[PDB]
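Everything below concerns the one structure shown next.
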Amino acid sequence: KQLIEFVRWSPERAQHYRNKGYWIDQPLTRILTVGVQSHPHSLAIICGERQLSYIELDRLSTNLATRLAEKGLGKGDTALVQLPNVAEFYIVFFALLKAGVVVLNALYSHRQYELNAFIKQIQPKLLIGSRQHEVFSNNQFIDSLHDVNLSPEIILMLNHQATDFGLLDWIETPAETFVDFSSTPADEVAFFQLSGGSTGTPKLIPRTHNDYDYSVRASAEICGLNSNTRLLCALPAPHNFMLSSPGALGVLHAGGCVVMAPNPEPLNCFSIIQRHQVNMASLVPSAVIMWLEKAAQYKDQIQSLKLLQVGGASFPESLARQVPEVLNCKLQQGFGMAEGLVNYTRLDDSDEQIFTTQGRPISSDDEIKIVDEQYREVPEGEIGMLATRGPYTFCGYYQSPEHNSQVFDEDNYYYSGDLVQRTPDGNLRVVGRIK
Ligand SMILES: Nc1ccc(C(=O)O)c(O)c1
Ligand SMILES: [Ca+2]
Ligand SMILES: [Ca+2]
Ligand SMILES: [Ca+2]
Ligand SMILES: [Ca+2]
Ligand SMILES: [Ca+2]
């Protein structure tokens, strides 16, 4: 009965964000619904040899949602999902959003310790994973949960065994009996994001439909997505970068197509890019270097690339200038965080801006503060600590009142720990990290 707890925006701000059009109080399923009404047959996801249209995605995620509601799973409940970069990931995501289950998506590289900390935290009633994952190769992990009354009520397995509940079986056919189900309220938690750079296990970040949808819609505008965008998803699908800035959600919002790749392996990525004429991709600097090493020998397979998003680490100007030259495509530099703030160079910015800065905030109502150790605003140009608050920046970690009072100040600015400086053109440059 009780919806998931989280820290809220002040009503004064919540009104402002509604008045400005940022929060439109719609569930994240809006992306699916709106898509099925306009272009039900456009391809939504390409995965290997499979072609999922928008209405194909809608029907499949409904089948799963009706069977979860049939089992009594809905509002108030949580789910732990750990799937690889395949179409099933997005079916599950939209299926849980439809059913009102707050999902935490672990990284497919997370091992037993991390998954254990997540379960002890959200106490999920549903667990979706892969039998091909090391943790679910045997039954030791699933068994250890019973000893601590943390075992879930429903466990679905991809690449399942005869005994297991086949995830693909629950997706193909809907349930026999009818049960009503609905998303959580737009201004309530939709799912959990995972912090990056956390010393211990990643901390939980509650994302509501209102704020996440906004970052998706705004990211899509600044990154130029449209119904012809074919975006390669080579990074980990659950990551904020690959999902919402602009990510798969931004592409679907624009009526485009998501092309799945197991990882950013140059040769495989290059082949997928040529096969499906991928015209956009999003990478971290380490993967870009991998692509740069192989590009010259495979210029033809990657001709169709039109725009590359690079963010998430140091990207020196000497590397930036190689993207257009070697990868034959435009460069967009970004700097974001799962906690909220997302920065991007604009597609019309100068070459000096694109090649030596990480852009500027998505929202004109993103409030930025650059301070020193005496928590005072530094003179424009100098390096300082980044504090921010906006219409898509969280207001505190899940069930972490001690930590939250350390990273949030009285005015509720969030201190990312990132060191930055504001260039004359107004753009930000990320120059280091602090702790
Ligand atoms: N747009 C982006 C880029 C990078 C990150 C990141 O935290 O790695 C993000 O959360 C958003
Ligand atoms: Ca099909
Ligand atoms: Ca559109
Ligand atoms: Ca090109
Ligand atoms: Ca060239
Ligand atoms: Ca951080």
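For the structure tokens, the naming scheme is as follows: chains receive sequential letters (A, B, ...) according to their order of presentation, residues are indexed from 1 within each chain, and ligands are indexed from 1 in presentation order.
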
| task | Give the residue list for ligand 2 at 9 Å, counting only C-alpha atoms and all ligand atoms, as a ChimeraX atom specification, sorted by chain and then by residue number. | result | /A:43,50-53,56

Would you export the selected residues with N, CA, C and O atoms as a short mmCIF file (atom, residue, chain, number, x, y, z; two decimals), in the first residue's frame, please?
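Output saved as out22.cif:
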```
data_model
loop_
_atom_site.label_atom_id
_atom_site.label_comp_id
_atom_site.auth_asym_id
_atom_site.auth_seq_id
_atom_site.Cartn_x
_atom_site.Cartn_y
_atom_site.Cartn_z
N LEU A 43 10.54 0.35 -36.41
CA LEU A 43 11.39 -0.48 -35.57
C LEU A 43 11.79 0.28 -34.31
O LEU A 43 12.30 1.40 -34.40
N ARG A 50 16.68 -10.00 -34.55
CA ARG A 50 15.30 -9.70 -34.18
C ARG A 50 14.99 -8.23 -34.43
O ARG A 50 15.82 -7.35 -34.20
N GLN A 51 13.77 -7.97 -34.91
CA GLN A 51 13.30 -6.62 -35.21
C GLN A 51 12.01 -6.38 -34.44
O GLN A 51 10.96 -6.91 -34.80
N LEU A 52 12.10 -5.57 -33.39
CA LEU A 52 10.97 -5.25 -32.53
C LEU A 52 10.40 -3.90 -32.93
O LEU A 52 11.11 -2.88 -32.85
N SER A 53 9.14 -3.88 -33.34
CA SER A 53 8.48 -2.61 -33.61
C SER A 53 7.96 -2.01 -32.31
O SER A 53 8.00 -2.62 -31.24
N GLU A 56 5.08 -4.02 -31.21
CA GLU A 56 5.63 -5.28 -30.72
C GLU A 56 6.13 -5.13 -29.29
O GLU A 56 5.85 -5.97 -28.43
#
```

| query | Residues at most 7 Å from ligand 6, using only C-alpha atoms and all ligand atoms? Could they come as a list in words? | reply |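 Using only C-alpha atoms and all ligand atoms, I find these residues within 7 Å of ligand 6: residues 196, 197, 337, 416, 417 and 418 of chain A.
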
Considering only C-alpha atoms and all ligand atoms, tabulate each residue of chain A that lies at most 10 Å from ligand 1 along with its nearest interatomic pair and the corresponding distance in Å to one decimal; arrange the rows by chain and ascending residue number and present them as CSV.
```
residue,atom,partner,partner_atom_place_in_ligand_line,distance
A:193,CA,ligand 1,10 (O),9.9
A:194,CA,ligand 1,7 (O),9.5
A:195,CA,ligand 1,7 (O),7.8
A:196,CA,ligand 1,7 (O),6.1
A:197,CA,ligand 1,7 (O),8.5
A:215,CA,ligand 1,1 (N),9.9
A:219,CA,ligand 1,1 (N),8.4
A:239,CA,ligand 1,10 (O),7.3
A:240,CA,ligand 1,10 (O),4.9
A:241,CA,ligand 1,11 (C),4.2
A:242,CA,ligand 1,11 (C),8.0
A:243,CA,ligand 1,11 (C),9.0
A:244,CA,ligand 1,1 (N),7.7
A:245,CA,ligand 1,1 (N),4.6
A:246,CA,ligand 1,1 (N),7.0
A:247,CA,ligand 1,1 (N),8.5
A:282,CA,ligand 1,3 (C),8.9
A:283,CA,ligand 1,3 (C),8.8
A:284,CA,ligand 1,8 (O),7.6
A:309,CA,ligand 1,1 (N),8.1
A:310,CA,ligand 1,3 (C),7.3
A:311,CA,ligand 1,3 (C),4.7
A:312,CA,ligand 1,8 (O),3.8
A:313,CA,ligand 1,8 (O),7.3
A:333,CA,ligand 1,3 (C),8.7
A:334,CA,ligand 1,1 (N),5.4
A:335,CA,ligand 1,3 (C),4.7
A:336,CA,ligand 1,11 (C),3.4
A:337,CA,ligand 1,10 (O),3.3
A:338,CA,ligand 1,10 (O),4.4
A:339,CA,ligand 1,10 (O),7.5
A:340,CA,ligand 1,10 (O),7.6
A:341,CA,ligand 1,11 (C),8.0
A:342,CA,ligand 1,1 (N),5.4
A:343,CA,ligand 1,1 (N),6.6
A:344,CA,ligand 1,1 (N),7.3
A:358,CA,ligand 1,3 (C),9.8
A:362,CA,ligand 1,1 (N),9.8
```

Output the selection as a compact mmCIF listing (two decimals), in the first residue's frame - N, CA, C and O atoms for each residue.
```txt
# COMPACT_ATOMS: atom_id res chain seq x y z
N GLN A 193 18.15 4.44 -9.72
CA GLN A 193 19.41 4.56 -10.43
C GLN A 193 20.56 4.29 -9.46
O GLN A 193 20.40 4.30 -8.24
N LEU A 194 21.74 4.04 -10.03
CA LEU A 194 22.92 3.67 -9.27
C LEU A 194 23.97 4.76 -9.38
O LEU A 194 24.33 5.17 -10.49
N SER A 195 24.46 5.23 -8.24
CA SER A 195 25.49 6.26 -8.24
C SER A 195 26.81 5.71 -8.77
O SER A 195 27.11 4.52 -8.65
N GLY A 196 27.59 6.60 -9.36
CA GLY A 196 28.92 6.26 -9.86
C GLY A 196 29.98 7.01 -9.09
O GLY A 196 29.78 8.16 -8.71
N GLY A 197 31.12 6.35 -8.87
CA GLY A 197 32.17 6.89 -8.04
C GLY A 197 32.00 6.65 -6.56
O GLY A 197 32.81 7.14 -5.77
N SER A 215 14.55 14.90 -18.24
CA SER A 215 15.92 14.75 -18.70
C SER A 215 15.98 13.99 -20.03
O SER A 215 16.80 14.30 -20.89
N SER A 219 17.34 15.99 -23.16
CA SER A 219 18.50 15.38 -23.80
C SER A 219 18.23 15.12 -25.28
O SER A 219 19.11 15.34 -26.12
N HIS A 239 22.91 1.87 -17.47
CA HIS A 239 23.63 3.07 -17.08
C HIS A 239 22.89 4.32 -17.55
O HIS A 239 22.36 4.37 -18.67
N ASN A 240 22.87 5.34 -16.68
CA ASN A 240 22.19 6.59 -17.01
C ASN A 240 22.61 7.11 -18.38
O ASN A 240 21.78 7.57 -19.16
N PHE A 241 23.91 7.05 -18.68
CA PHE A 241 24.41 7.53 -19.96
C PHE A 241 23.73 6.82 -21.12
O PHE A 241 23.25 7.45 -22.07
N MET A 242 23.67 5.48 -21.07
CA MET A 242 23.11 4.70 -22.16
C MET A 242 21.59 4.70 -22.17
O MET A 242 21.00 4.26 -23.17
N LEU A 243 20.94 5.18 -21.11
CA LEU A 243 19.49 5.06 -20.98
C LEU A 243 18.74 6.37 -21.13
O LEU A 243 17.62 6.36 -21.65
N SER A 244 19.31 7.50 -20.71
CA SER A 244 18.51 8.72 -20.62
C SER A 244 19.21 10.01 -21.05
O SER A 244 18.56 11.06 -21.01
N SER A 245 20.48 9.98 -21.45
CA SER A 245 21.22 11.20 -21.78
C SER A 245 22.06 11.00 -23.03
O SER A 245 23.30 10.92 -22.96
N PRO A 246 21.43 10.91 -24.21
CA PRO A 246 19.98 10.82 -24.44
C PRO A 246 19.53 9.37 -24.29
O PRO A 246 18.42 9.09 -23.85
N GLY A 247 20.40 8.44 -24.66
CA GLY A 247 20.18 7.03 -24.40
C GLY A 247 19.01 6.44 -25.19
O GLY A 247 18.39 7.07 -26.04
N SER A 282 27.15 6.30 -28.47
CA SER A 282 27.52 6.96 -27.22
C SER A 282 28.59 6.13 -26.53
O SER A 282 28.39 4.93 -26.31
N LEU A 283 29.71 6.75 -26.18
CA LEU A 283 30.86 6.01 -25.68
C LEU A 283 31.56 6.79 -24.57
O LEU A 283 31.43 8.01 -24.46
N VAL A 284 32.30 6.05 -23.76
CA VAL A 284 33.19 6.61 -22.75
C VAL A 284 34.59 6.73 -23.35
O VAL A 284 34.91 5.98 -24.29
N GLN A 309 28.52 10.70 -28.95
CA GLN A 309 28.53 11.24 -27.60
C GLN A 309 29.70 10.66 -26.83
O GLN A 309 29.87 9.43 -26.78
N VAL A 310 30.51 11.53 -26.23
CA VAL A 310 31.63 11.10 -25.40
C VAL A 310 31.51 11.80 -24.06
O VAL A 310 31.43 13.03 -23.99
N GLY A 311 31.49 11.01 -22.98
CA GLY A 311 31.48 11.55 -21.64
C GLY A 311 31.85 10.46 -20.65
O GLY A 311 32.01 9.29 -21.02
N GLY A 312 32.00 10.86 -19.40
CA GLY A 312 32.22 9.93 -18.31
C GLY A 312 33.65 9.78 -17.84
O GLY A 312 33.90 8.96 -16.94
N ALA A 313 34.59 10.52 -18.41
CA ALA A 313 35.99 10.43 -17.99
C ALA A 313 36.75 11.58 -18.64
O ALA A 313 36.17 12.43 -19.33
N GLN A 333 30.47 16.50 -26.71
CA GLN A 333 31.09 16.21 -25.43
C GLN A 333 30.06 16.40 -24.32
O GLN A 333 29.33 17.39 -24.30
N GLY A 334 30.01 15.44 -23.39
CA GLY A 334 29.02 15.46 -22.34
C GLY A 334 29.64 15.17 -20.99
O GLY A 334 30.73 14.60 -20.87
N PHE A 335 28.92 15.59 -19.95
CA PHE A 335 29.36 15.40 -18.57
C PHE A 335 28.10 15.33 -17.72
O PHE A 335 27.44 16.35 -17.50
N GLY A 336 27.76 14.13 -17.25
CA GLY A 336 26.54 13.91 -16.50
C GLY A 336 26.80 13.08 -15.25
O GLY A 336 27.93 12.67 -14.97
N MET A 337 25.71 12.85 -14.52
CA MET A 337 25.77 12.06 -13.30
C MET A 337 24.38 11.49 -13.03
O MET A 337 23.38 12.16 -13.26
N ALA A 338 24.35 10.24 -12.55
CA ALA A 338 23.07 9.59 -12.27
C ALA A 338 22.25 10.36 -11.25
O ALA A 338 21.03 10.19 -11.19
N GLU A 339 22.89 11.21 -10.44
CA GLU A 339 22.16 12.00 -9.45
C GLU A 339 21.31 13.09 -10.09
O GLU A 339 20.37 13.57 -9.45
N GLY A 340 21.61 13.49 -11.32
CA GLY A 340 20.82 14.50 -11.99
C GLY A 340 21.52 15.24 -13.11
O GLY A 340 21.44 14.85 -14.27
N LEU A 341 22.23 16.32 -12.75
CA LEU A 341 22.81 17.24 -13.72
C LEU A 341 23.42 16.52 -14.91
O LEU A 341 24.19 15.57 -14.76
N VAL A 342 23.08 16.99 -16.11
CA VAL A 342 23.63 16.48 -17.36
C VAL A 342 24.06 17.67 -18.21
O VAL A 342 23.27 18.59 -18.44
N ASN A 343 25.31 17.64 -18.67
CA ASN A 343 25.87 18.72 -19.47
C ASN A 343 26.20 18.21 -20.87
O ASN A 343 26.51 17.03 -21.07
N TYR A 344 26.13 19.12 -21.84
CA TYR A 344 26.38 18.77 -23.23
C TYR A 344 26.83 20.00 -24.00
O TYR A 344 26.33 21.10 -23.76
N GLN A 358 33.07 20.46 -21.80
CA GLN A 358 32.06 19.42 -21.71
C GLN A 358 30.64 19.98 -21.79
O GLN A 358 29.69 19.27 -21.46
N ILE A 362 21.61 20.93 -19.32
CA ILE A 362 20.48 20.67 -20.21
C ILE A 362 19.39 21.70 -20.01
O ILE A 362 18.83 22.25 -20.97
```

| Got a sec to tell me which of region 255-430 of chain A DSSP assigns to alpha helix (DSSP H), as an MDAnalysis selection string? | chainID A and resid 266:275 285:295 317:320 322:327 351:356 401:407

Counting only C-alpha atoms and all ligand atoms, which residues in chain A sit no more than 8 Å from ligand 3? For each one, give the nearest pair of atoms and the distance in Å, sorted by chain then residue number, as CSV.
```
residue,atom,partner,partner_atom_place_in_ligand_line,distance
A:226,CA,ligand 3,1 (Ca),6.6
A:227,CA,ligand 3,1 (Ca),6.8
A:253,CA,ligand 3,1 (Ca),6.4
A:254,CA,ligand 3,1 (Ca),4.4
A:255,CA,ligand 3,1 (Ca),5.8
```

| query | Could you state the separation of CA of residue 163 (chain A) and CA of residue 145 (chain A) in Å, given to one decimal place? | reply |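 Those two atoms sit 18.2 Å apart.
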
Give one line per residue of chain A that approaches ligand 4 to at most 9 Å, naming the two atoms of the closest pair and their distance in Å to one decimal, counting only C-alpha atoms and all ligand atoms; sort by chain then ascending residue number and deliver it as a tab-separated table.
```
residue	atom	partner	partner_atom_place_in_ligand_line	distance
A:279	CA	ligand 4	1 (Ca)	7.7
A:299	CA	ligand 4	1 (Ca)	8.9
A:302	CA	ligand 4	1 (Ca)	6.7
A:303	CA	ligand 4	1 (Ca)	4.3
A:304	CA	ligand 4	1 (Ca)	4.8
A:305	CA	ligand 4	1 (Ca)	4.3
A:306	CA	ligand 4	1 (Ca)	4.9
A:307	CA	ligand 4	1 (Ca)	7.9
A:324	CA	ligand 4	1 (Ca)	8.4
A:327	CA	ligand 4	1 (Ca)	6.9
A:328	CA	ligand 4	1 (Ca)	4.4
A:329	CA	ligand 4	1 (Ca)	4.5
A:330	CA	ligand 4	1 (Ca)	7.9
```

| Expressed in Å to a single decimal, how great is the separation between CA of residue 430 (chain A) and CA of residue 376 (chain A)? |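 Between CA of residue 430 (chain A) and CA of residue 376 (chain A) the gap works out to 18.8 Å.
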
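The spacing separating CA of residue 77 (chain A) from CA of residue 110 (chain A) amounts to 22.2 Å.
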
| field | Residue nearest residue 294 (chain A) - candidates A:4, A:359, A:269, A:158, atoms counted: only C-alpha atoms | value |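 Counting only C-alpha atoms, the residue closest to residue 294 (chain A) is A:269.
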
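Distances from A:89, A:298, A:264, A:393 to ligand 5 were compared using only C-alpha atoms and all ligand atoms, and the smallest one belongs to A:298.
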
| query | Could you pull out all residues of region 23-66 of chain A with a DSSP call of strand (DSSP E) and give them as a list in words? | reply | residues 43, 44, 45, 46, 47, 50, 51, 52 and 53 of chain A

Go ahead and save the residues from that selection, with N, CA, C and O atoms, as a compact mmCIF listing (two decimals), in the first residue's frame.
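As written to disk, part_19.txt reads:
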```txt
# COMPACT_ATOMS: atom_id res chain seq x y z
N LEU A 43 10.54 0.35 -36.41
CA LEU A 43 11.39 -0.48 -35.57
C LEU A 43 11.79 0.28 -34.31
O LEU A 43 12.30 1.40 -34.40
N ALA A 44 11.54 -0.32 -33.15
CA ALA A 44 11.96 0.25 -31.88
C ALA A 44 13.30 -0.29 -31.41
O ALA A 44 14.12 0.46 -30.88
N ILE A 45 13.56 -1.59 -31.61
CA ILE A 45 14.78 -2.23 -31.14
C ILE A 45 15.23 -3.24 -32.18
O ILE A 45 14.44 -4.07 -32.64
N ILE A 46 16.51 -3.17 -32.55
CA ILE A 46 17.18 -4.20 -33.32
C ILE A 46 18.14 -4.93 -32.40
O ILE A 46 18.99 -4.29 -31.76
N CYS A 47 18.00 -6.25 -32.30
CA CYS A 47 18.84 -7.05 -31.42
C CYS A 47 19.20 -8.34 -32.15
O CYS A 47 18.35 -9.22 -32.31
N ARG A 50 16.68 -10.00 -34.55
CA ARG A 50 15.30 -9.70 -34.18
C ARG A 50 14.99 -8.23 -34.43
O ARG A 50 15.82 -7.35 -34.20
N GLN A 51 13.77 -7.97 -34.91
CA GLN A 51 13.30 -6.62 -35.21
C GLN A 51 12.01 -6.38 -34.44
O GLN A 51 10.96 -6.91 -34.80
N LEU A 52 12.10 -5.57 -33.39
CA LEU A 52 10.97 -5.25 -32.53
C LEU A 52 10.40 -3.90 -32.93
O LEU A 52 11.11 -2.88 -32.85
N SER A 53 9.14 -3.88 -33.34
CA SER A 53 8.48 -2.61 -33.61
C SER A 53 7.96 -2.01 -32.31
O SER A 53 8.00 -2.62 -31.24
```

| Residue neighbourhood residue 118 (chain A), 9 Å, only C-alpha atoms, exclusion window fewer than 6 positions, as an NGL selection string | :A and (80 or 104 or 106 or 124 or 201-202 or 204)

| query | Between A:147, A:88, A:366, A:221, which has the minimum distance to residue 260 (chain A) (counting only C-alpha atoms)? | reply | A:88

| message | I'd like the contact shell of residue 357 (chain A) - 12 Å cut-off, only C-alpha atoms, skipping same-chain residues fewer than 6 positions apart - returned as a count of residues only. | response | 31
